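Take a look at the structure below.
Chains as they are written, first to last, in the entry's author numbering: chain C, 1 to 340; chain B, 1 to 340; chain A, 1 to 340.
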C-alpha cells in the first residue's frame, strides 16, 4: 500500500498474512512438501524518489516471518530477509541496483513460477543465478535504450559469498538475460556462470570448478489466458542430497522442463494446471535420477485485490525406489491470504 | 494507527515501545518475575477488506522485539511472532480464521488478564488452548447468528504440532467457548481437549494421552468499574518444572482461581488489585504443590490513548520450601509505554 | 516518513536500504573492515504525542536487518534491535526516557561519528556509556531550563546487565554530559563510571572493579563546513582480544583521538577526511599497543534527501607486527543508499 506520496518521494509499505496448511500422508517426510502448519507472514517496503525528470532512485526490503514456530527456542526457524537492494534508474539508458535480489536466470524461470503455492522448483534460493541471492549488482535495460518496443536485456555480476555451508555459497560470476514481448506472447533466454568455492568443490556430489545455469521461456499472457513453458539445464549448480548415505552436494548436470496453463475467470476463480520435471545425470554413485517429477492441479479464488484463497494439489510422480530418496508421496496445500 | 484506507481496504499499522524494569531482592533468580531490564517493543498490522456488504476479509500479524538483549550473540533472545492469521467474516453466519491465534480457552481467561504488567498466569503460550498457539482454525459467532443479543460462541480446531520440545508441542484437538453479556455483566465458559505427543508422554512429570483445559468467567465492566473472576482446572496440560532435579513435564491436575478488581478514574489513574492461585496435584514424587500464589497491587496512569506509565507489585505468597522450587520473593515492575 | 498525524499523535515510520560492499585484500581477515557483501537494511518508528501544551510523550524503536546472509541457518546473523525506549518531555524542566538508548558519552563522540560508513571507532555497542546499551534511564535538559541559550546537559543511570559474555555485560553506573553551542561552534564533555560484573573481572585482560569513560569535543558546524575533534580516555572499559592467544578482556587504559573535516557542496558532493587513533596501555603480557590507527578519505554524493551513494577509504596505519593481531590492511567500502 502507498502510505506516503509527497515532494516526489513515494513509499509503498506492503505485506501479507497467509494461513496455510499442508496435507500429506503420515509424517510427510516421504512427500513432496511435507505435513502440518505452514502459516507465515510477509513485511516489506518499496520506495521511489524522483531525483529529476530523467532520474529515479529506489530501494526495497522484504522479510519473511514464519507463523508455524513456537515462541521458544525455535521462534526464529525459517525467518529471513528475502530482498534488500537499492539502485538508480535513468531515462532510457537503464537501471543499476546492488544488494540481495533475484538472480538473472529467474527472468526466464519466472514464466512458470505462477502456481498458487508450489511450482518454480528449479528457482533455488542462494543458488547462483536461478533465484534470490546476496551481493548481486544488476544492470537492466527496458525497450533497448528506448528504441525497440518490448526488447529487454539484463546483465548481472554476482559477488563471491563464502558461507559456512556449501549449499548457500558461491563464487564470482556474470550472467545475462534477453526477452522480447509482442502482443500477448513472450520469449526469453538467460545464461549465468560462476566459480565454485573450495567448500563446494570438497563435497562428495558434483565435480568441477565452474557452475552454469541457463533457461529459455515461452509464454502467452493475453485475454485472461496464461500459458508458459520453460526448459533449462545446469552444470554443478543444482543442490542435491542422497538421503541413504546423508551425502550433500550438487548435480553434475540437470535437465528441467516446466509447463503451466491457467485461466482467470472474471468472478475471481483462477484454475491452474502444471507439469514439472527435473532429472539429474552423472550423479556420483547413482547416475541418472529424477529430482522433481509431478503434475499439478489447483485453483485460486480472488475475492478482490486484498483477499484470496487457494487449493494446490501435487500429483507426485516420483517413484518409491528413487536412488536419492526424493519424496514419492502427494501433497495438498490449502491457504487463505490477506495482502495489502 | 490507520495508515491506509482506500477502495474498501483499510490497514492498521500498530506497535509500542515499553521501557521496563523489574525489581526483586538480590539477583532475583528466586523471585516471581526476576530482576533487571525487561524493555521490549511490539510491531503489528491489522487489515480489513470489504469484499461486499456482507463479506469482510481480514488478517493480522504481531511481533515481539526484545529490547534488553545485546547486539551480539543474544540479539534474538525472546524475539518471536505472537499472531499470524487470516480469515473471512460473513454477515451474521460467523467468522473463520486460521493461523497462529489465541486458543479458545483464552476467551474466558481474558476476563482477568487485565493487570498492568503481570497476571494471566494460566494463559501459557504454546500450551494447547489456554493461550497463543499455532495452526488453529477458529470459527466464532456473534449474537448467535444475529438472533440473540449478547450471546457468543466459538469453536476451534487445533492441529498437531510435533516440535523439538515437549513444552511447545501438541496433538490434534477441538475446543469451544460460549459467552453472554448483558448490561455490564459478562459470563463465559470454555473447554478444550487434545492429544499429547509421544514426546510429551515421555516426560517424567504428567501421565496420560489426553490434555484437558476448561475455565469459567464472571465480569462486570460498567461505569469505570472492572471486576472479574476466573476459575479453572487442567489435566496433564499445565507445564511445570522441578528445579531441584531439573525435571520438566506437565501437572497431572491443577486448580486455578483468578480475581481482579480495577477502577478507572477520569483523570487517568487506574488502580488495580488482584489475587491468583494455581495449585497442582498428583505431581509424581511431589503430590500437591502451589504453582502460583500471590496478591497484586498496582496502577496505570493514562496520559492519553498513546502514553501511559505503570507500577506493578507482586505480593508473592509462595513459600521458600516449595517442593518444585518456585520463586518465593516479591517483584515490582516499573514501566513507561508509548503506543500507536 | 510521517505516515500518521491525527489527534495530536504523530508517527514517523522510517528505514533504509543500503547496498554495501567492502573491498580489502584477500579475505579481509587482516584488514580494517573485512571483505565482501555488507548490504543491510533498517526499519524504525519514532512517535510523538501531545499530552498538553507543556507535556509530550515519545517512543522509538530501531532494528537492523542484515542483507548479506543466506535464507538458511545463518539467516539471523547480525540482526538486532538498535534502539527501544520511551520517555516524557515537559516544558523546559527536561526530558526522561528509559530503555535501550545511546550512552551519555556518545553526546561527545557524536561530533566525529560523521564518516560515510566508518569512523566512530570508540563508540562500541553494549560498552557502558560510549554507545548503544540496554536499560539506561536518561534525563536531558535543553537550554538549562530555558534560561541559557545553547547550554545542554544530560544525566544517565545505567542498570546492571549480567549477560552470558563479558564483552556485553555491565554493572550499575551513573554518567553525565554537558555541551555548549554558540554560532557554529560546539564544545561538549562527558564522563561515566560503573561497576564491572564478576564475569568481566575474571577475564585475563583488564584488572579492576570499576570502569571509567570520558571524552571531550570541539566542533564547527556552520556554512557548509564541518570540523570536529574528539579526545578521550577509558579505564578497564575498552574491549580487546589477543588473536595470538585467543584471550578476550578489556584494556586497562586507552587514549583516543578523533579528527574529522568535511565540506558540503551545494550540488550534493560532500568530501570527507578524518584521522582516528586509539592506543592501549598496561595490557597484561603486552603493555602498549595501538587499537585503531588510520587516515580516512571518502565522499558522499547526495542526489536528494532520499538517495545517496558513498565511497569510504581507510588508509590503515596499523603495522603488521601488532602485538594483539589487529588487522593491518586497508579497506574500501562502496555503497548506495535509499532512505525514507
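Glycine included, C-beta positions come from ideal geometry on N, C-alpha and C.
Query: Residue interval of the beta strand (DSSP E) (run including residue 35 (chain A)); Result: Run containing residue 35 (chain A): none; DSSP gives neither H nor E here.
Query: Where the alpha helix (DSSP H) through residue 198 (chain A) begins and ends; Result: 198–201
Query: is_contact[residue 41 (chain A), chain B] using C-beta, thresh 8 angstroms; Result: no
Query: Identity of the residues DSSP links to residue 139 (chain A) by a beta bridge; Result: A:96 and A:155
Query: Residues sharing a beta bridge with residue 212 (chain C), DSSP; Result: C:193 and C:235
Query: Within-8 angstroms CB hit, residue 221 (chain A) to chain B; Result: no
Query: Interface positions of the region 59–79 of chain A facing chain C (Cβ-Cβ less than 8 angstroms), listed along the chain; Result: 65, 66, 67, 68, 69, 70, 71, 72, 73, 74, 75 and 76
Query: Boundaries of the alpha helix (DSSP H) in which residue 1 (chain A) is found, first to last residue; Result: Note, residue 1 (chain A): premise wrong, no alpha helix (DSSP H); not H, not E.
Query: 4 or more residues per run - each alpha helix (DSSP H) lying fully within the region 229–277 of chain A; Result: none
Query: DSSP-derived helix/strand/coil call for residue 87 (chain B); Result: strand
Query: Extent of the continuous alpha helix (DSSP H) run through residue 108 (chain B); Result: 106–109
Query: Interface flag, residue 195 (chain B) vs chain C, CB-CB below 8 angstroms; Result: no
Query: Contact with chain A by residue 333 (chain C), beta-carbon distance below 8 angstroms; Result: no
Query: Through-space distance from residue 253 (chain C) to residue 281 (chain C), alpha-carbon basis; Result: 5 angstroms
Query: Short CB-CB distance (under 8 angstroms) between residue 113 (chain C) and chain A; Result: no
Query: C-alpha gap between residue 40 (chain C) and residue 106 (chain B), whole angstroms; Result: 22 angstroms
Query: Per-residue contacts from residue 342 (chain C) into chain A (C-beta, under 9 angstroms); Result: The structure shown does not extend to residue 342 (chain C), since chain C spans only 1 to 340, so no value can be given for it.
Query: Nearest to residue 51 (chain B) (by Cα), restricted to the options C:315, C:309 and C:329; Result: C:309
Query: Validate contact between the region 296–305 of chain B and the region 239–259 of chain B using beta carbons, cut 8 angstroms, 3 pairs; Result: no
Query: N- and C-terminal bounds of the beta strand (DSSP E) containing residue 299 (chain B); Result: 287–302
Query: Limits of the unbroken beta strand (DSSP E) element including residue 16 (chain B); Result: 9–24
Query: Stretch-stretch touch, CB-based, cutoff 8 angstroms, three pairs: the region 21–38 of chain A with the region 317–327 of chain C; Result: no
Query: Range covered by the beta strand (DSSP E) that runs through residue 64 (chain A); Result: 55–66
Query: Residues that residue 138 (chain C) contacts on chain A, provided the C-beta gap is smaller than 7 angstroms; Result: The contacting residues do not exist; residue 138 (chain C) stays about 10 angstroms from chain A at best.
Query: Nearest candidate by alpha-carbon position, reference residue 268 (chain C), set C:240, C:237, C:277 and C:303; Result: C:303
Query: Bridge partner(s) assigned by DSSP for residue 50 (chain C); Result: C:56
Query: Within 9 angstroms of chain A by C-beta, residues of the region 191–218 of chain C in sequence order; Result: none
Query: Cutoff 6 angstroms; reference residue 197 (chain A); Cβ partners in own chain excluding five residues on either side; Result: 162, 169 and 171
Query: Cβ distance (whole Å) where residue 44 (chain B) is taken to contact residue 14 (chain B) below 8 angstroms; Result: 5 angstroms
Query: Host beta strand (DSSP E) of residue 177 (chain B) (start-end); Result: 173–182
Query: Partners in chain A for residue 337 (chain B), counting only beta-carbon separations shorter than 7 angstroms; Result: 86
Query: DSSP-derived helix/strand/coil call for residue 325 (chain C); Result: coil
Query: Whole-angstrom distance between residue 329 (chain C) and residue 89 (chain B), CA atom to CA atom; Result: 35 angstroms
Query: Within-8 angstroms CB hit, residue 9 (chain B) to chain C; Result: yes
Query: Cβ-based neighbour list, residue 112 (chain A), same chain, cut-off 6 angstroms, excluding 5 preceding and 5 following; Result: 228, 230, 258 and 260
Query: For residue 75 (chain C), three-class secondary structure by DSSP; Result: coil
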